[PDB]
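Below you'll find the structure, written out as structure tokens, and then a few comments.
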Amino acid sequence: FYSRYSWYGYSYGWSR
Amino acid sequence: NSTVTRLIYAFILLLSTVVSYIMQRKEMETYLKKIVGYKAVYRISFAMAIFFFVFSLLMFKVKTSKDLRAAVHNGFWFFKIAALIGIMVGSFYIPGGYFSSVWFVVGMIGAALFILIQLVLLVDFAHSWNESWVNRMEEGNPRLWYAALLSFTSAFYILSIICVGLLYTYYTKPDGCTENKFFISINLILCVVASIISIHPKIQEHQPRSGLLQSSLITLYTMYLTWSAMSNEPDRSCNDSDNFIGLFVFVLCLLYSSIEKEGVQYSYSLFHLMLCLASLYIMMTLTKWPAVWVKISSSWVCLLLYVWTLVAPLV
């Protein structure tokens, strides 16, 4: 999956 | 069982605390004089520390619930309260004076250690909160949770900025009080770094659930600590609600921390010791440059702990 360096941290929800 | 017992001990601790606070009232002064409020609170705190320490030592190295020590940990409340009252009565029988200053120093030491452990618990709490919130955001409607996090973090930053502005307005002047300016600036720069360090790609790669929310929480707590620090400065030319807020964070931290045959889910002895340190901190909070140094050192070690908790796993 495409994790990213977002403010809240390391996740992929925005680009699942 | 573990949580229930921990909450019971926290509740009795808070009961003792409120007792100490109410003794300080001028109404109770006449009744005590028949044997001021500061001395009574000192005696109560000494009793608290003594009995909490002795129970802590008694529960040292608890291995199993079958051991009668753990059973007592789960019960014998009458015996606990009896010992509490007995030592409390004995607390007054010690002569005052120099011993008062000795206990004053001991209380400063205990308050320092307690604020250390309390900040450890606070950072753990913030990490857990951020983790759970981000997981929920990932699962469900992303936008709603995302807006929630953004709003809360921005609000906490806003409170931090506005309180720092209040500090500028009140506790600092161009003509002097350069030490207050120095404290404000150092705390601001360290907390700003703590914010920035939360955005290092390597850090996130090593700490997936790190985020700005906990950074904001730590910054706000640090600013509160600073406000309390100069709040206690005897020099009014350079210098209550701060103490009340300190007690509120005390209660919050103690509650969260409170929240068998084969092994103990937690160290009962260290739990009692933290309770004792909490009592000592309560003593000090209910009451010169050394105090300012203690508070600023607490702020520094807090931010050092934050940096460590963010970096060490990468090491």
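Every chain in the structure tokens has a letter given in the order shown (A, B, ...), and although residue numbers restart at 1 in each chain, ligands are simply numbered from 1 in the order shown.
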Show me, as JSON lines, the residues of chain B having an atom within 8 Å of chain A, each with the closest atom pair and its distance in Å, using only C-alpha atoms.
```
{"residue": "B:134", "atom": "CA", "partner": "A:8", "partner_atom": "CA", "distance": 7.2}
{"residue": "B:137", "atom": "CA", "partner": "A:13", "partner_atom": "CA", "distance": 7.6}
{"residue": "B:138", "atom": "CA", "partner": "A:13", "partner_atom": "CA", "distance": 4.8}
{"residue": "B:139", "atom": "CA", "partner": "A:13", "partner_atom": "CA", "distance": 7.5}
{"residue": "B:142", "atom": "CA", "partner": "A:13", "partner_atom": "CA", "distance": 6.9}
{"residue": "B:149", "atom": "CA", "partner": "A:8", "partner_atom": "CA", "distance": 8.0}
{"residue": "B:199", "atom": "CA", "partner": "A:7", "partner_atom": "CA", "distance": 7.2}
{"residue": "B:201", "atom": "CA", "partner": "A:5", "partner_atom": "CA", "distance": 6.7}
{"residue": "B:204", "atom": "CA", "partner": "A:10", "partner_atom": "CA", "distance": 6.3}
{"residue": "B:205", "atom": "CA", "partner": "A:10", "partner_atom": "CA", "distance": 7.3}
{"residue": "B:208", "atom": "CA", "partner": "A:10", "partner_atom": "CA", "distance": 4.7}
{"residue": "B:209", "atom": "CA", "partner": "A:9", "partner_atom": "CA", "distance": 5.3}
{"residue": "B:210", "atom": "CA", "partner": "A:9", "partner_atom": "CA", "distance": 5.3}
{"residue": "B:211", "atom": "CA", "partner": "A:8", "partner_atom": "CA", "distance": 4.3}
{"residue": "B:212", "atom": "CA", "partner": "A:8", "partner_atom": "CA", "distance": 6.0}
{"residue": "B:213", "atom": "CA", "partner": "A:8", "partner_atom": "CA", "distance": 7.4}
```
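When only C-alpha atoms are used to measure the gap to residue 222 (chain B), the shortest distance among B:103, B:157, B:300, B:92 belongs to B:300.
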With a distance cut-off of 10 Å and only C-alpha atoms, select the neighbouring residues of residue 122 (chain B), excluding the residue or stretch itself and same-chain residues fewer than 3 positions from it, and output the selection as a PyMOL selection string. chain B and resi 116-119+125-128+214+217-218+221+249+252-253+256-257
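Counting only C-alpha atoms and comparing B:17, B:228, B:153, B:172, the residue that lies closest to residue 44 (chain B) is B:17.
We find CA of residue 19 (chain B) and CA of residue 48 (chain B) to be spaced 11.6 Å apart.
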